[PDB]
């Protein structure tokens, strides 16, 4: 019954960092293996293609890390406010906690507008 914190790792489509993201997840799993998530959950949204994504939990069970798949997405609208809100509402439904944090992996260009 963890209720204190959800760490949400958000990995929208990056074109060419997908493999790097898998290694990021593997690295984070090596921490879950140490049984640190008694009051917290780790929830991950990852685009496996530009149009396909999965939401899953990293948890510690029977002395090991485990991926619990929560749902899949087809054509998620992750570049839109409504799409991001809907994903975050999914995170909250699967993981009701007092606090939330967000880890965002992708290419970055600061404040620069998409439309220039």
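Residue numbers count along the first chain shown, from 1.
Novice: For the higher mean C-alpha B factor in the entry, choose 19-27 or 96-104.
Specialist: According to the entry, 19-27 carries the higher average C-alpha B-factor.
Novice: Using only the Cα atoms and their B-factors as the entry lists them, report which of 47-55 and 79-87 averages higher.
Specialist: The deposited B-factors put 47-55 ahead on the C-alpha mean.
Novice: By the record's CA B-factor, is residue 70 among the lowest, middle or highest third of residues in the chain?
Specialist: CA B-factor rank for residue 70: middle third.
Novice: In terms of the CA temperature factor given in the entry, to which third of its chain does residue 1 belong: lowest, middle or highest?
Specialist: Top third by C-alpha B-factor.
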